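Chemist: Handing you a structure now.
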Amino acid sequence: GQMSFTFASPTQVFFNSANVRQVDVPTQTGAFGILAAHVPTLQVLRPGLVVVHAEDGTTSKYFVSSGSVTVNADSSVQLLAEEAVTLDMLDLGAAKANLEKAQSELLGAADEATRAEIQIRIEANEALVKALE
Amino acid sequence: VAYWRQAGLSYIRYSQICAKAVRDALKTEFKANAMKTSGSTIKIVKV
Amino acid sequence: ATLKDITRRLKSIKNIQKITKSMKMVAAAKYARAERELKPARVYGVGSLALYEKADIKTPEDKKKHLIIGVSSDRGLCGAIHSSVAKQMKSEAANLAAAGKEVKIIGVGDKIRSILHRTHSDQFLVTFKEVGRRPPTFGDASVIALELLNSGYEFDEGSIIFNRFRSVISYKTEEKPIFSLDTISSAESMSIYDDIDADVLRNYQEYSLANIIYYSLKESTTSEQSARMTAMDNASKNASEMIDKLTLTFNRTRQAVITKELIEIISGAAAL
Amino acid sequence: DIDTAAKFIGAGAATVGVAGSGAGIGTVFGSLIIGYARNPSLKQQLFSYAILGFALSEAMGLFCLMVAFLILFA
Amino acid sequence: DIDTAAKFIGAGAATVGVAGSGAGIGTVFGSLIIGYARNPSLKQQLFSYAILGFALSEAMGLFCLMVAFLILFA
Amino acid sequence: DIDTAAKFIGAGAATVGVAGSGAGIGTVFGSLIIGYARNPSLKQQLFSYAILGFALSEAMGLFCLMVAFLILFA
Amino acid sequence: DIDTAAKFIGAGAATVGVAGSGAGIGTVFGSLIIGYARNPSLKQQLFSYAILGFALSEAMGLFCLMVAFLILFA
Amino acid sequence: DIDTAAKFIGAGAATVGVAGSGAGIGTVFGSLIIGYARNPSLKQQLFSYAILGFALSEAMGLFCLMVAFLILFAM
Amino acid sequence: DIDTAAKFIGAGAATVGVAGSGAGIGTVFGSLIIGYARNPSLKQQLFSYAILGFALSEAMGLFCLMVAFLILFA
Amino acid sequence: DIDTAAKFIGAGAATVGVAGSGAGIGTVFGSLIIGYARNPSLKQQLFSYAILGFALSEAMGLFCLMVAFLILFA
Amino acid sequence: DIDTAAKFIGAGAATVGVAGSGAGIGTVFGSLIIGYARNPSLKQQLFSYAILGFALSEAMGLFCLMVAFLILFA
């Protein structure tokens, strides 16, 4: 009962068929933890922070913006994020400024597509702020 | 469904917007690395 | 020929050797960067494919719509990159057209649209330019995937054909299938996959599409950078070899003309 | 008298109502947990909905008790 | 008077019903939480459904209590 | 005079049977909220099934009250 | 007469057993809503199963009311 | 006779045990519907469990009626 | 003799606690179906847990039945 | 006397109110199990809410028992 | 005697409390099945919580049966 964890942005890689114990992810339907024999699923991420615990009790947290997570029959997890950055790689002040900016533009409902785009940006910045704080 | 799918988007655009948000919210030093790799250059040809 | 012709030809071929040496070096640098950047993209692409690899999906044989994507570049002198890609594209296209399937073709690169211009003229759904000029990012793959989804063709099955980079000298043209959620949902192997609406599945399919297109783009870029490196190497070597004989011809013709001039001078002096 | 007997029989039968309360509110605090497990970030609003549900469900157990005491004294 | 005692016992029993409606409201406000957590974008519509469910389920507790009062005072 | 008392008690006991209808309404309208927030683009069909469930689960409550009245006034 | 008085109280207490049928119908038609929201394609077979469960949960409530009418009239 | 009279209210009280039994039948079949919507390929096996399920949920509940009839007839 | 009648009515009232255990068995075997449908690869362990829960649910469904038979024949 | 006999009736009939609290505790701990299987990294907060729900819904059974006692000994 | 009859009635009624614990045990061991279908690796802690919930929802039905026996004896 071991897990084969794969986790990579298109540009870099973080875990390559490693052996972790638990992985907590956001999934556009909730926010769940994957363990050595989780039931197979497919999900798509929302801007959040995936937390990984290795065999020894150390926690590494990476903010993912979007992507997919696959939990398979053989307990091999594949977590592909379009943009993953460690929390030390993020400006709190800049994130808060961007969040307030997007909230300010929310008034300008230029159309359904642009309204949705601004709302998505607000949600992403909200997750950024909540993770950094 | 989601509040963006009902707006006629797709998950590709959603991921693009989220990645843009994150990359625009990086440290002043990592911003350079983030921007250069994520640029787009492909152009259409009408059929 | 006269000495002037040999002079001009040797000038031109020396110039050619210089330029091809330059191209070989610049292509080697570009290939080095691309190979460095392809290490993580390979892991990313394999992760993307994992689901389809070990959750066996097969499109049932009663679906009309097929798609062909061919990955290539614009810059020429890449060797048999574009040739092999387009040849495989049309082979599969005709194969599928035998079974009465409404095939469509998408080409990522100018060379593919050019080569397949005569045949398959109308089957093109869209093609993309400005490829290879700079390394293909994920934004490029997202643009291609978007422009595929939006185009009024809901394919049932698809295949993407690219050049898997094996080594500096060897690359193998490869095909990878891609499915549609109309087929994902009704696959028996997917029953075990818990928490799968008919909606998270379309988001997942869109992301997988972008993923596989990005992976094929990165493989293609590495493969053709290596191919151009080797082609320029061969061209430069052959140019130097030609210079080897051409300089001998230069020297021999110069000596022969000098001797003839001296002989005619002495003949004129003797006659007077 | 038989009236002072009903005082207690009916009063006891009228506190059977409180069971509803005990059931209902449990479900609330069940769902909250489940909800908080799917979406921890909404902790605050989830708890707001939960306190609404508790107040507005145990009110009916309180009506049961009020009826019981009303019978006991009227 | 036996009639008074029977009236009081009858009201005590008839008020037992409101336990069911208390449980029903508990379920409604649990499902509201779960639905909200899974889809926080619909808070308005979800709460509208919750209002209808609560009102239309406490209707039955009011049925029970008016029955008890018809036994007692009328 | 004993028979009047027994009729009162029997009706008051019969009227307890709408607790089931209260709980059933709670469950159906909680499922409506969950199954709407889970798939908002079927609002109409989900609400139609909710209304059918209400009707079928309230037939029982109105039957309990009907038999209660039949006991009281017959 | 204690005979008819006892009969009335007995029938009144017996008829409360359809609270079970009410709650069961509620659960069946909440589950149908949830399932249909999850897999809108299966709607036909889903409604078939929902009706089957409805009938089997109706059986016991109708049987309880049968016992109640029986005792009240025998 | 009080003994004959009280038997009737005893039978009426005992016949209320079918309530929880019917509620259990309802939840068994609700779970059947949800499970079938989750995995419509095991359609048969699931039903089998459901059968078992309500049988027990009914069978044990049926005991109440046994008692009730006893109270009415076999003292 | 009221004792010879108190026994009968007390038994008829004590045998009401079987409703809760009927509902509990229904819930355990509904959870079994959902859980087996979700993750069929491990169905034996799910069945084992279902049998354990069912055993306990009857345990309490039959304690009250035992007390009923006790106050009826002792 | 009728008075003490009715007192025992009421004491016995007021404890059933603890059934609701029992079912509530069952559902809250079931939801704790579910929400800990989903997100096993919130264990501490989830058990905090679970114990809050248990205490605050065991209060109902406590209330029913204290009424069922004060009915006898006061 | 009337007091003996009252003993019998009170014990028989107070026994009905354990329906709550029966339903609660059913709910806990259905939730254990589902939450195990999700994360098998948590088996140990899931069963620890399930047994905690079983015992600490048993307590309520056991109190009801204890008080029924107390009335039936002392």
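Note that chain J carries Swiss-Prot numbering, so the residues on display, from first to last, are 69-142.
Header lists the method as electron microscopy, 3.5 Å.
Using the three backbone atoms N, Cα and C, a Cβ is placed for every residue, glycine included.
Pulled the feature table from Swiss-Prot, pasting it below:
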MOD_RES   J:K111  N6,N6,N6-trimethyllysine
SITE      J:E126  site 'Reversibly protonated during proton transport'
TRANSMEM  J:84-104  transmembrane segment
TRANSMEM  J:119-139  transmembrane segment
Chemist: Report, as a single number, how many Cβ atoms besides its own are within 10 Å of the Cβ of J:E126 (site 'Reversibly protonated during proton transport').
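Modeler: Other Cβ atoms found within 10 Å: 22.
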Chemist: I need to check the long-range neighbours of the transmembrane segment (J:119-139): which residues 6 or more away from its ends have a CB within less than 8 Å of a CB in the stretch?
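Modeler: Residues 75, 78-80, 82-86, 88-90, 92-93, 96-97 contact the transmembrane segment (J:119-139) from elsewhere in the chain.
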Chemist: Give me the count of other Cβ atoms within 10 A of the Cβ belonging to J:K111 (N6,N6,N6-trimethyllysine).
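Modeler: For J:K111 (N6,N6,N6-trimethyllysine), the 10 Å Cβ neighbour count is 14.
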Chemist: Do you know offhand how many angstrom separate the residue listed as 'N6,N6,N6-trimethyllysine' and J:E126 (site 'Reversibly protonated during proton transport') by C-alpha?
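Modeler: Cα-Cα, rounded: 22 Å.
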